[PDB]
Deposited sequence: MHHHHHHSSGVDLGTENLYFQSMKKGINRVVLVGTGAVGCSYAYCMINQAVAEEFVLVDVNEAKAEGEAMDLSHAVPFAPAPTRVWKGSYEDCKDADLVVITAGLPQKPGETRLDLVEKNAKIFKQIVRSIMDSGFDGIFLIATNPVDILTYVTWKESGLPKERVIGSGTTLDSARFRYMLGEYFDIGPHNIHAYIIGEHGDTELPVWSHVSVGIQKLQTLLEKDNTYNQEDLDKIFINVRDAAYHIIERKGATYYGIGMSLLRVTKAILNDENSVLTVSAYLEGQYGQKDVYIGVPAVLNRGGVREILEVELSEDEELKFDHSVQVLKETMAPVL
């Protein structure tokens, strides 16, 4: 009775969001449309902002498929949280990192000091390093701190290829790996067009070419640029990527997503959170999927890894 209330509270899915701007709120609105989590709690530096955001999302619930309980809370709300999503943060690359780090050192401490023992999903930029921070601050197993990594980049890549191959993006199997940013790399060697092998379609002669494909990846790399170019900021893209990861985690999917994950030998690399294809479930990152990269992608991946470690080097 005393126990059953406490168990009911724990048996449902609570997501706490920390950082309630457009990326935070785009993701929340995704959660409400799809009714993923029973409780969804908003925490911001700006009280009013988070209060107003929770009001506006709350009014969407009665026209949704099913209820979510959406409210403005605080670090306190994280105790029985299954998942903590952090977009929160502030704007040389080192100044960005070293600032976000101390900011993240406070955020994480308070969440740990709440009795939180769930999963972290880190969406703040630079995502790969801040996931590493969150891990190195939380004291949690490395499989339990996750970054959005190159998921959105992979989605952008699938959309674009689907267009180029005139096929639904849901049937395009395509991945980008490495650090999220200008050093990420398309895994051409493992692109599938439905059942079809990219390299075979390239073999055949038949209007496809690596030149059209290179253009596609640059269009991925610089997507944010174009949107920023054209509406001021970007959020709809990541909102849905953060949702897909959350489903993977909360609904224990064993699904493959290119999250920020900690390498322990795979791809010949280690000691980094980096974008790689990984199986996700209720426990977090179950395993990183290794593939034989082409010698070219190998140089590209290894280069991404070493630049990342160089970015961390003076900050940690």
Note to self: Let me make sure I understand the coverage. Which parts of the deposited sequence, in order from the N-terminal end, have no C-alpha coordinates here?
What the structure shows: 1-15, 107-111
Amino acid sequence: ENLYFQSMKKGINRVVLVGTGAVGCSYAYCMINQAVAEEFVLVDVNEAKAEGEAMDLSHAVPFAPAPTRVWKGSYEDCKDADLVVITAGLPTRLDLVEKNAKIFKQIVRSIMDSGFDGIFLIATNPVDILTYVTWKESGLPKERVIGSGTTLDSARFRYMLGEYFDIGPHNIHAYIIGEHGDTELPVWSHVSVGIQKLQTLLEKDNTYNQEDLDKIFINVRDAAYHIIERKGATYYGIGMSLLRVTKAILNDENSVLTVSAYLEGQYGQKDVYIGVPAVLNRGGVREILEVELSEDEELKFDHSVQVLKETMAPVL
From here on, numbers count along this sequence of modelled residues.
Next item on the list: State which stretch shows the higher mean Cα B factor in the entry: 241-249 or 132-140.
Entry: 132-140
Next item on the list: Name the higher of the two by mean Cα B-factor in the PDB entry, 154-162 versus 98-106.
Entry: 98-106
Notebook entry, point to check: Based on what the PDB entry reports, which of 200, 148, 171, 234 has the top C-alpha B-factor?
Noted result: 200
Notebook entry, point to check: With respect to the C-alpha temperature factors reported in the PDB entry, which of 58, 254, 26, 269 ranks highest?
Noted result: 269
Check: What third of the chain, by the recorded C-alpha B-factor, contains residue 51?
Finding: middle
Margin query: Quick check for you: using the entry's CA B-factors within this chain, is residue 65 in the lowest, middle or highest third?
Written below: lowest
Notebook entry, point to check: Lowest, middle or highest third: where is residue 277 by C-alpha B factor in its chain?
Noted result: lowest
Margin query: Among the modelled residues of this chain, does the Cα B factor of residue 264 put it in the lowest, middle or highest third?
Written below: highest
Check: Comparing residue 90 with the other modelled residues of its chain, is its CA B-factor in the lowest, middle or highest third?
Finding: highest
